[PDB]
Each structure stands twice: as C-alpha cells, then as structure tokens.
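Report on the following structure.
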Amino acid sequence: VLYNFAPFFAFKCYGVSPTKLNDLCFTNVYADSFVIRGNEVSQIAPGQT
Amino acid sequence: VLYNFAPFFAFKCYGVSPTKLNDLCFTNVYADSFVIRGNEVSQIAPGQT
Amino acid sequence: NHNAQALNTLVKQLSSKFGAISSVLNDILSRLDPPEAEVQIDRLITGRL
Ligand SMILES: *[C@@H]1O[C@H](CO)[C@@H](O)[C@H](O)[C@H]1NC(C)=O
Ligand SMILES: *[C@@H]1O[C@H](CO)[C@@H](O)[C@H](O)[C@H]1NC(C)=O
C-alpha cells in the first residue's frame with residue numbers, strides 16, 4: 001500500500017528486495033523523513049559522501 | 001560545485017566514483033560538450049553503437 | 001631452484017588484476033566508494049587465494 005501514499009517511482013532497497021518485504025518479520029522499523037534536492041538524492045545510500 | 005552549474009540528477013562515472021573525485025590528481029582533464037536527444041544519451045558510454 | 005621459482009611465481013602473481021580495475025588495493029580504495037570497492041577487493045582476494 002506504500003505505492004498509494006506517495007507518487008514515487010520505485011523503492012531503492014539495500015539488503016532486501018521490495019517484493020519480499022511482505023514475507024518477513026522485523027524487530028523494529030524506523031521511518032526517517034526529510035526533504036533534500038535532486039542532486040543529493042544519490043547521497044542517501046551507504047558509503048556516500 | 002558542478003552540481004550548482006547544471007540541474008543534472010547524477011554523474012555517470014566509469015572507472016571512478018564521483019564521491020572520490022576530490023581525492024585524486026589527474027595529469028589532464030578534458031571536457032567534451034554537445035547536445036543530443038534523450039534516446040541517444042545511452043550511447044554516450046563505452047562499447048555502444 | 002624449484003622452491004625459489006615457486007616463491008618468485010607466487011610473488012609475481014600479485015601484479016595480476018584478475019578482472020578488477022587495478023591490481024593495487026590502495027588504488028581501488030582511493031578511486032571507488034566502499035560498496036563498489038568491495039567488489040574489486042573481492043575479485044583480488046579470490047585471485048590471490
Ligand atoms: C492525507 O491526510 C488527510 C487528512 O489528514 C486526508 O484528507 C487525505 O486524504 C490523506 N491523503 C492520503 C493520500 O492519504
Ligand atoms: C552564467 O554566466 C553568466 C554571465 O556569462 C552569469 O550572469 C550567470 O549568473 C552564470 N550562471 C551560472 C549558473 O553560473
């Protein structure tokens with residue numbers, strides 16, 4: 001249902017595949033929300049500077 | 001500062017990572033500029049026809 | 001001579017890229033971000049092993 005809340009094109013999932021997210025259990029989930037600009041979207045990823 | 005001059009979304013770097021570009025020295029750099037259309041942007045890459 | 005030649009061959013094997021961008025770990029670490037660099041380091045590790 002996350003696709004119904006925001007008009008984003010696709011997930012960018014690391015260590016897991018989005019289509020499998022409904023088959024798993026997690027101890028806790030954290031949703032971190034903010035606003036950046038287009039150039040900086042690539043910096044939201046492991047190993048970025 | 002290249003992100004401030006043009007509204008491009010991201011680099012497409014081959015043989016190097018953009019975030020490391022500030023940690024390196026190069027003997028010479030070449031900037032080749034032109035205009036193509038959207039279909040042909042994928043042809044600006046090694047091994048393309 | 002056989003033992004010395006075996007050791008010399010083992011030493012000279014360190015100059016092989018094994019499909020990586022470079023045969024030097026420091027160059028790989030400097031030119032790439034951690035996630036991409038892990039792949040090249042894995043290739044070198046497999047070759048040397
Ligand atoms: C967002 O919440 C408002 C009320 O807070 C509601 O009227 C609106 O329909 C909601 N939109 C979506 C896409 O859920
Ligand atoms: C481009 O150069 C012009 C003058 O040649 C200047 O007025 C303008 O601010 C510059 N724009 C950028 C984004 O550097």
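Labels used: A, B, ... for chains in the order of the structure tokens, numbers from 1 for residues in each chain, and numbers from 1 for ligands as shown.
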- Contacts with ligand 1 at most 12 Å, only C-alpha atoms and all ligand atoms counted, listed as an MDAnalysis selection string: chainID A and resid 1:7
Deliver the residues from the most recent selection as a file, using N, CA and C atoms, as a compact mmCIF listing (two decimals), in the first residue's frame.
```
# COMPACT_ATOMS: atom_id res chain seq x y z
N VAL A 1 0.81 -1.21 0.00
CA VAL A 1 0.00 0.00 0.00
C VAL A 1 0.84 1.26 0.00
N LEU A 2 2.16 1.15 0.21
CA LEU A 2 3.00 2.34 0.21
C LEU A 2 2.96 3.06 -1.13
N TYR A 3 2.69 2.33 -2.22
CA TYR A 3 2.60 2.95 -3.53
C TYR A 3 1.40 3.87 -3.65
N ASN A 4 0.42 3.74 -2.76
CA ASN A 4 -0.78 4.57 -2.82
C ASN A 4 -0.63 5.90 -2.09
N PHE A 5 0.40 6.06 -1.27
CA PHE A 5 0.52 7.26 -0.44
C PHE A 5 1.38 8.33 -1.09
N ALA A 6 2.42 7.95 -1.82
CA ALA A 6 3.28 8.91 -2.48
C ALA A 6 3.51 8.48 -3.93
N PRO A 7 3.63 9.42 -4.85
CA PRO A 7 3.83 9.09 -6.26
C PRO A 7 5.29 8.81 -6.62
```
Select all residues from chain C having any atom no more than 10 Å from an atom of chain B (counting only C-alpha atoms, ignoring ligands), output as a PDB file with C-alpha atoms, in the first residue's frame.
```
ATOM      1  CA  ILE C  21      40.158  -2.362 -12.412  1.00  0.00           C
ATOM      2  CA  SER C  22      43.605  -2.428 -10.787  1.00  0.00           C
ATOM      3  CA  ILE C  28      40.875   0.569  -5.719  1.00  0.00           C
ATOM      4  CA  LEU C  29      40.140   2.078  -2.307  1.00  0.00           C
ATOM      5  CA  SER C  30      41.033   5.597  -3.450  1.00  0.00           C
ATOM      6  CA  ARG C  31      39.180   5.560  -6.777  1.00  0.00           C
ATOM      7  CA  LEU C  32      35.928   3.917  -5.630  1.00  0.00           C
ATOM      8  CA  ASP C  33      33.372   4.227  -2.863  1.00  0.00           C
ATOM      9  CA  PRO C  34      33.266   1.405  -0.266  1.00  0.00           C
ATOM     10  CA  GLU C  36      31.786  -0.699  -5.325  1.00  0.00           C
ATOM     11  CA  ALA C  37      35.328  -1.113  -3.991  1.00  0.00           C
TER      12      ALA C  37
END
```
- Could you list the residues in chain A lying within 10 Å of chain B, using only C-alpha atoms, and format the result as a PyMOL selection string? chain A and resi 37-43+47-49
For the selection you just gave me, I'd like the residues written to a file as a PDB file, in the first residue's frame, keeping N, CA, C and O atoms.
```pdb
ATOM      1  N   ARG A  37      17.299  18.082  -2.194  1.00  0.00           N
ATOM      2  CA  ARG A  37      17.078  18.368  -3.602  1.00  0.00           C
ATOM      3  C   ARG A  37      17.586  17.215  -4.460  1.00  0.00           C
ATOM      4  O   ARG A  37      18.181  16.255  -3.967  1.00  0.00           O
ATOM      5  N   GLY A  38      17.330  17.322  -5.764  1.00  0.00           N
ATOM      6  CA  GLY A  38      17.561  16.193  -6.653  1.00  0.00           C
ATOM      7  C   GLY A  38      19.003  15.727  -6.669  1.00  0.00           C
ATOM      8  O   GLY A  38      19.279  14.525  -6.685  1.00  0.00           O
ATOM      9  N   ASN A  39      19.945  16.673  -6.679  1.00  0.00           N
ATOM     10  CA  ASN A  39      21.361  16.320  -6.718  1.00  0.00           C
ATOM     11  C   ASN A  39      21.767  15.445  -5.544  1.00  0.00           C
ATOM     12  O   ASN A  39      22.662  14.604  -5.675  1.00  0.00           O
ATOM     13  N   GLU A  40      21.132  15.629  -4.393  1.00  0.00           N
ATOM     14  CA  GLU A  40      21.552  14.989  -3.159  1.00  0.00           C
ATOM     15  C   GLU A  40      20.830  13.679  -2.884  1.00  0.00           C
ATOM     16  O   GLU A  40      21.118  13.036  -1.872  1.00  0.00           O
ATOM     17  N   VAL A  41      19.901  13.268  -3.749  1.00  0.00           N
ATOM     18  CA  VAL A  41      19.195  12.009  -3.529  1.00  0.00           C
ATOM     19  C   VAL A  41      20.150  10.830  -3.637  1.00  0.00           C
ATOM     20  O   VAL A  41      19.965   9.807  -2.968  1.00  0.00           O
ATOM     21  N   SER A  42      21.189  10.950  -4.462  1.00  0.00           N
ATOM     22  CA  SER A  42      22.166   9.876  -4.580  1.00  0.00           C
ATOM     23  C   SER A  42      23.018   9.728  -3.331  1.00  0.00           C
ATOM     24  O   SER A  42      23.652   8.686  -3.152  1.00  0.00           O
ATOM     25  N   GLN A  43      23.054  10.743  -2.468  1.00  0.00           N
ATOM     26  CA  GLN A  43      23.829  10.661  -1.239  1.00  0.00           C
ATOM     27  C   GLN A  43      23.107   9.910  -0.134  1.00  0.00           C
ATOM     28  O   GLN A  43      23.717   9.633   0.903  1.00  0.00           O
ATOM     29  N   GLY A  47      27.877   4.358   2.155  1.00  0.00           N
ATOM     30  CA  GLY A  47      29.158   4.640   1.541  1.00  0.00           C
ATOM     31  C   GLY A  47      29.242   5.925   0.753  1.00  0.00           C
ATOM     32  O   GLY A  47      30.177   6.088  -0.035  1.00  0.00           O
ATOM     33  N   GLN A  48      28.303   6.843   0.936  1.00  0.00           N
ATOM     34  CA  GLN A  48      28.290   8.104   0.209  1.00  0.00           C
ATOM     35  C   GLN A  48      28.945   9.211   1.025  1.00  0.00           C
ATOM     36  O   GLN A  48      29.017   9.151   2.254  1.00  0.00           O
ATOM     37  N   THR A  49      29.433  10.229   0.319  1.00  0.00           N
ATOM     38  CA  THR A  49      29.980  11.425   0.939  1.00  0.00           C
ATOM     39  C   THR A  49      29.418  12.656   0.243  1.00  0.00           C
ATOM     40  O   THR A  49      28.966  12.602  -0.902  1.00  0.00           O
TER      41      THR A  49
END
```
- Message: For a test of reading the model, state the distance in Å between atom CA of residue 5 of chain C and atom CA of residue 44 of chain C, rounded to one decimal.
- Response: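 That distance, rounded to one decimal, is 22.3 Å.
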